[PDB]
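Participant: this one is an experimental structure. Sequence first:
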Amino acid sequence: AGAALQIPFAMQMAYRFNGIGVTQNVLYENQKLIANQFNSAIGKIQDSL
Amino acid sequence: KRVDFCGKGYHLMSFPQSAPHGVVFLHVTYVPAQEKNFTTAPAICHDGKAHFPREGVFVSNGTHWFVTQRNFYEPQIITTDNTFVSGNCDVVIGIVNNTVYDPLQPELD
Ligand SMILES: *[C@@H]1O[C@H](CO)[C@@H](O[C@@H]2O[C@H](CO)[C@@H](O)[C@H](O)[C@H]2NC(C)=O)[C@H](O)[C@H]1NC(C)=O
Ligand SMILES: *[C@@H]1O[C@H](CO)[C@@H](O[C@@H]2O[C@H](CO)[C@@H](O)[C@H](O)[C@H]2NC(C)=O)[C@H](O)[C@H]1NC(C)=O
Ligand SMILES: *[C@@H]1O[C@H](CO)[C@@H](O[C@@H]2O[C@H](CO)[C@@H](O)[C@H](O)[C@H]2NC(C)=O)[C@H](O)[C@H]1NC(C)=O
Ligand SMILES: *[C@@H]1O[C@H](CO)[C@@H](O[C@@H]2O[C@H](CO)[C@@H](O)[C@H](O)[C@H]2NC(C)=O)[C@H](O)[C@H]1NC(C)=O
Ligand SMILES: *[C@@H]1O[C@H](CO)[C@@H](O)[C@H](O)[C@H]1NC(C)=O
């Protein structure tokens, strides 16, 4: 939408949780589990491929 | 709100004009400009409680902390009407110490 403006990635993930109706404390208080789940999900794609 | 469906930027409004066998759309959009960098933090710890912005981000100009809206820089001081509380400050990665100002009790002298 213009020039790239940097933001830390967990804070971008919190904006995106807001965009679906969940408060952002739910992301910050679960950060490690959410990242573990994303990593297992990405590791399952290359296994199916 | 569909990205790039009505031009580049944040769609404000669009005007139609007729062409021969066709149509022309003049899209008016909003484009952000002249950014500055800041230090930032996800929450703020005060009295053993974690505070999150209601809307906006916590930013630091070098020595002080403010809340701003995310798309236009307009800094304000962090109060209990700017933020909400959840939990204690032991679980959030990158939490920062600052004071969150209450209006009522300095009204009550
Ligand atoms: C929410 O669901 C997750 C499942 O992804 C739970 O986390 C797992 O809990 C089991 C316990 O049976 C552990 O063995 C796993 O190692 C956990 N997974 C990860 C990625 O940490 C989590 O406990 C659930 N939360 C609640 C409150 O029920
Ligand atoms: C960050 O902004 C603050 C403004 O709040 C500057 O601090 C001073 O703060 C006092 C009381 O809050 C004001 O009376 C002053 O007018 C403010 N400015 C000055 C120049 O004294 C602070 O200087 C700013 N810091 C940086 C690094 O820009
Ligand atoms: C951002 O990354 C920096 C590393 O570049 C982290 O700084 C380190 O913090 C640890 C404490 O967890 C210290 O032991 C290291 O000495 C620091 N390294 C440097 C180079 O400063 C910083 O903590 C990270 N920020 C967050 C919020 O995790
Ligand atoms: C932010 O403020 C809290 C509140 O005091 C600090 O917590 C103290 O941390 C030190 C060192 O980690 C401990 O020795 C104290 O026992 C803690 N106090 C309490 C009341 O728990 C915290 O360290 C501060 N954060 C930073 C980065 O300085
Ligand atoms: C912000 O700082 C970075 C270096 O950390 C620099 O590359 C960038 O151009 C700066 N942008 C602004 C708007 O100051």
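Facilitator: Yep, it's here. Numbers count the residues shown, from 1 in each chain, chains lettered A, B, ... in the order given. Ligands and ions are numbered 1, 2, ... in the order given.
Participant: skipping its backbone neighbours, what lies nearest residue 18 in space?
Facilitator: With no chain named, the answer covers chain A. residue A:24 (5.7 Å; C-beta to C-beta, 6 or more residues apart in numbering or on different chains). All C-beta spots, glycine's among them, are computed from the backbone N, C-alpha and C.
Participant: that answer is for a different chain, and I need it for chain B
Facilitator: Nearest residue to residue B:18, sequence neighbours excluded (C-beta to C-beta, 6+ apart): residue B:24, at 7.6 Å.
Participant: helix, strand or coil for that neighbour?
Facilitator: Secondary structure state of residue B:24, per DSSP: H, G, I helix; E, B strand; the rest coil, is strand.
Participant: shouldn't it be in contact with residue B:14?
Facilitator: No: at 10.5 Å, residue B:24 and residue B:14 do not qualify as touching, with contact defined as C-beta atoms under 8 Å.
Participant: between these two, who's got more neighbours?
Facilitator: residue B:14 (13 against 9; other C-beta atoms under 10 Å in any protein chain shown).
Participant: dig out what that one forms beta bridges with.
Facilitator: Residue B:14 has these beta-bridge partners by DSSP bridges: residue B:27.
Participant: how about the contacts made by it?
Facilitator: The contact partners of residue B:14, taken as C-beta atoms under 8 Å, 6 or more residues apart in numbering or on different chains, are B:6, B:7, B:25, B:26, B:27, B:28.
Participant: could you rerun that using 7 Å?
Facilitator: B:6, B:25, B:26, B:27, B:28 (C-beta atoms under 7 Å, 6 or more residues apart in numbering or on different chains).
Participant: may I ask which of the residues you listed has the most neighbours?
Facilitator: In terms of neighbour count, residue B:6 stands highest of those at 17 neighbours, by other C-beta under 10 Å.
Participant: can you list phi and psi of it for me?
Facilitator: The phi and psi torsions at residue B:6 (degrees, to the nearest 10) take the values phi -130, psi 50.
Participant: now the one 5 residues further on
Facilitator: Dihedral angles phi and psi of residue B:11 (degrees, to the nearest 10) take the values phi -60, psi 120.
Participant: do you have the helices of the chain handy? List them.
Facilitator: Using chain A. With DSSP state H as the criterion, chain A has helices at A:9-18, A:25-28, A:31-48.
Participant: I was thinking of chain B, sorry if that wasn't clear
Facilitator: B:104-107.
Participant: from it, which residue is nearest to ligand 2?
Facilitator: Of all residues in chain B, the one sitting closest to ligand 2 is residue B:62 (3.1 Å; C-beta to the nearest ligand atom).
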